[PDB]
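One structure is given below, encoded as structure tokens.
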Amino acid sequence: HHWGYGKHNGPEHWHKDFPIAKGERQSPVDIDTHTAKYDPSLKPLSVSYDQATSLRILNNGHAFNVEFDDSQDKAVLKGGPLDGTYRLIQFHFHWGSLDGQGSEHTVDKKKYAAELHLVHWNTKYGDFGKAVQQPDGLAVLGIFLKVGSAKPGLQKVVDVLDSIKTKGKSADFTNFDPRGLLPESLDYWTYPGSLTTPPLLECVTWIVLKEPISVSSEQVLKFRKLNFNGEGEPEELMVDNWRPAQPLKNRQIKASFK
Ligand SMILES: COc1ccc(C[C@H]2SC(=S)NC2=O)c(OC)c1
Ligand SMILES: [Zn+2]
């Protein structure tokens, strides 16, 4: 596994090692707001993060992950399109080199400056590694970021990034409340898709919030100071760590709202 985001190892190459890259339910996708259809069968969405227990932040050479204790049903996602209970395991972001790109999903071809992914696994499968092998194994809550006013609840993340500059560095990251990263509205679009990095497994129910959160230019500039490289290696800024939109194929995008 030597994949990344550059010319030589980026998204256009992934299919060689991971042929599912050209599969029937790949992510991300463009969300055509006019075509997406309100679905009255969707049950109310339930984001229950009050007992979330963050543990650590890790630069893995692709993004940074904020990791949670998922040894029990602390923070969970239910409802909406979902049957059963999905436990929060981690969140991370994808972002650009400039404010006009960075998101993975697009909205009528619009690219946001970044996209937050809150990753949850279906507890009926017992562990995350088993869940990723199932078509309904994961639920990813995707939230767009635009540049404007600062997001206060993001600043503790921003301020630890200096300590995890390079690939393989981690830091303690306890007591972080992911509720501070949500927008006011839980209106969403949903469709069946995949992981957006290798191994590209077709195991995700996507729930993409319609309302972006606002972050400041200063906050996102700090994301852009991270490195893809390890300590001591030539600097490669961690920017443009997004996969472009993939073919929708035989899928419909459903809206939770009228
Ligand atoms: C093997 O299981 C994996 C591997 C990689 C990722 C991260 C990808 S998938 C996504 S959506 N956005 C991302 O960056 C997973 O989600 C953590 C799950
Ligand atoms: Zn992601």
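Position 1 is the first residue of the sequence; numbering continues from there. Order of listing sets the numbers, starting from 1, for every ligand and every atom in it.
- For ligand 1, the atoms closer than 4.0 angstrom to any heavy atom of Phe128 are 2 (O), 18 (C).
- For the pairing with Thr196, the side-chain hydrogen bond (donor to acceptor under 3.5 Å, both in side chains) check across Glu104, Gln26, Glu115 returns one residue only, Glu104.
- When hydrogens are left out, the protein atom nearest atom 15 (C) of ligand 1 is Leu195 CD2, 4.2 Å; that is the closest non-hydrogen contact.
- In this structure, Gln90 has a heavy atom closer than 4.0 Å to ligand 1.
- One option in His92, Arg243, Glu104, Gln133 has a heavy atom closer to atom 13 (C) of ligand 1 than any other, and that option is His92.
- Counting only protein atoms, the N, O or S atoms lying less than 2.8 Å from the Zn ion (ligand 2) are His92 NE2, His94 NE2, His117 ND1, ordered by chain and residue number.
- In the hydrophobic clustering of this structure, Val66 groups with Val160; members are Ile, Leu, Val, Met, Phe, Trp, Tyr whose side-chain heavy atoms approach within less than 4.5 Å, directly or through other members.
- Under the 30°/60° scheme for interplanar angles, the aromatic rings of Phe91 and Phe176 are found to be tilted.
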When the side chains of residues 72-80 are checked against the rest of the protein, which donor-acceptor pairs come out under 3.5 Å, sequence neighbours left out?
residue: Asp73; atom: OD1; partner: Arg87; partner atom: NE; Å: 2.9
residue: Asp73; atom: OD1; partner: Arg87; partner atom: NH2; Å: 3.2

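- Heavy-atom proximity to atom 10 (C) of ligand 1, evaluated over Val204, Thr196, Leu200, is greatest for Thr196.
- With hydrogens and angles disregarded, no donor-acceptor distance shorter than 3.5 Å links the side chain of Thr166 to the backbone of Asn229.
- The side-chain heavy atoms of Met238 and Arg224, taken from C-beta on, include no pair separated by under 4.5 Å.
- Proximity to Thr197 (heavy-atom distance under 4.0 Å) selects the following atoms of ligand 1: 5 (C), 6 (C), 7 (C), 8 (C), 13 (C), 14 (O).
- Of the candidates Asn65, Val119, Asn60, the one placing a heavy atom closest to atom 16 (O) of ligand 1 is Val119.
- Contacts of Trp206 with ligand 1, taken as heavy-atom pairs under 4.0 Å, involve the side chain alone.
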Between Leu58 and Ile164, does a side chain to side chain contact (heavy atoms under 4.5 Å, CB included) hold up when you go through it step by step? CA-CA 7 Å; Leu58 171 69; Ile164 61 153; over 6 Å; no
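- In this structure a side-chain-to-backbone donor-acceptor pair under 3.5 Å is missing from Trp121 to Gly129.
- Taking the six-membered ring where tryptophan is involved, the planes of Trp95 and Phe64 are tilted, since the angle between them lies from 30° to 60°.
- The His94 neighbourhood of ligand 1 comprises atoms 12 (N), 13 (C), 14 (O), with distances under 4.0 Å to a heavy atom of that residue.
- Using the six-membered ring where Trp is involved, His105 and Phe144 have ring planes that are perpendicular, over 60° apart on the 30 and 60° scheme.
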